[PDB]
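Novice: got a sequence here, can you model it:
(one chain, ligands or ions: 1)
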Amino acid sequence: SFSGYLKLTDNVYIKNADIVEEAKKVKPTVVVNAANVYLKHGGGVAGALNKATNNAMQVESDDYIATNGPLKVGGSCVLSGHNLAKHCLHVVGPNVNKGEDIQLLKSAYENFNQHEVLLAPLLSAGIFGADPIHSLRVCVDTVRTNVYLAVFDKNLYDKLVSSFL
Ligand SMILES: COc1ccc2[nH]cc(CN(C)C)c2c1
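Specialist: Numbering: from 1, shown residues only. Take a look:
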């Protein structure tokens with residue numbers, strides 16, 4: 001099970017960790033991907049998770065998009081977790097760098113409530129351009145299931161913990 005996490009609330013935990021390394025170690029039931037609507041896993045968390053699957057995530061994702069079309073911003077889909085988890089919950093947080101409504105971050109986090117326990121990154125953080133402090137706040141105030149947050153950057157992790165109300 002999950003080790004070395006700092007407990008923020010009744011159900012939200014946080015750790016300074018590489019989500020790929022964490023997923024390979026824990027083999028959780030669900031790992032969350034910071035997906036885009038096209039499931040094009042090019043960079044950030046998505047690029048890293050996909051590279052860890054030797055591109056099997058991208059191949060599965062392209063078939064999913066060919067069949068279903070793009071996801072909605074704020075939406076999700078469950079696909080295989082490959083060598084990282086039982087499942088991957090691809091969740092699309094708004095990309096501030098694409099001018100997407102930051103208000104959609106709460107809708108994005110609501111997808112986590114369909115899973116009792118998840119390993120996840122902060123949605124819309126990193127290359128998605130949102131303030132990670134705000135993302136953690138929305139996470140805590142939206143997710144009711146058990147979420148283990150992996151924050152890659154130590155400096156950001158320390159800032160998130162030290163500023164957590
Ligand atoms: C039936 O073959 C394809 C191949 C690629 C595709 N990309 C998107 C679609 C259309 N689908 C969303 C209905 C598609 C179909």
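
Novice: what number of residues lie near residue 116?
Specialist: Neighbour count for residue 116, taken as other Cβ atoms under 10 Å: 9. Heads up, the C-betas are built off the backbone N, CA and C, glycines and all.

Novice: can you classify the residue nearest to residue 5 when sequence neighbours are not counted by secondary structure?
Specialist: Leaving out its chain neighbours, the residue that sits closest to residue 5 by Cβ to Cβ, 6 or more residues apart in numbering is residue 13, at 3.8 Å. When classified by DSSP: H, G, I helix; E, B strand; the rest coil, residue 13 comes out as strand.

Novice: partners of residue 13 in the sheet?
Specialist: Note on residue 13: beta-bridge partners by DSSP bridges are residue 7, residue 148.

Novice: so it touches residue 7, yeah?
Specialist: Yes. Assessed by Cβ atoms under 8 Å, residue 13 is found in contact with residue 7 at 5.6 Å.

Novice: looking at these two, which is more packed in?
Specialist: Between residue 13 and residue 7, counting by other Cβ under 10 Å, residue 13 is the more crowded of the two (17 against 9).

Novice: tell me how far the more buried one lies from residue 69.
Specialist: With distances taken as Cβ to Cβ, to the nearest Å, residue 13 is found 34 Å from residue 69.

Novice: and the protein, which residues reach the ligand?
Specialist: 65-66, 68-69 (Cβ under 6 Å from any ligand atom).

Novice: among those, name the ones in helices.
Specialist: 65-66, 68 (DSSP state H).

Novice: out of the residues you listed, which are buried?
Specialist: Buried residues within these, counting neighbours by 16 or more other Cβ atoms under 10 Å: residue 65.

Novice: need the helices for the protein, in chain order.
Specialist: Using DSSP H, the helices found in the chain span residues 19-26, 44-52, 56-68, 104-110, 132-142, 154-162.

Novice: okay, the angle between the third one and helix 44-52?
Specialist: The one in question is helix 56-68. 110 degrees (axes from the mean of the first three to the mean of the last three Cα atoms, to 10 degrees).

Novice: got a list of what the residue nearest to residue 119 when sequence neighbours are not counted touches?
Specialist: Leaving aside its chain neighbours, residue 119 sits nearest to residue 28 (4.4 Å; criterion: Cβ to Cβ, 6+ apart). Residue 28 makes contact with 2, 81, 85-86, 117-119, 148, according to Cβ atoms under 8 Å, 6 or more residues apart in numbering.

Novice: fine by me, thanks again.
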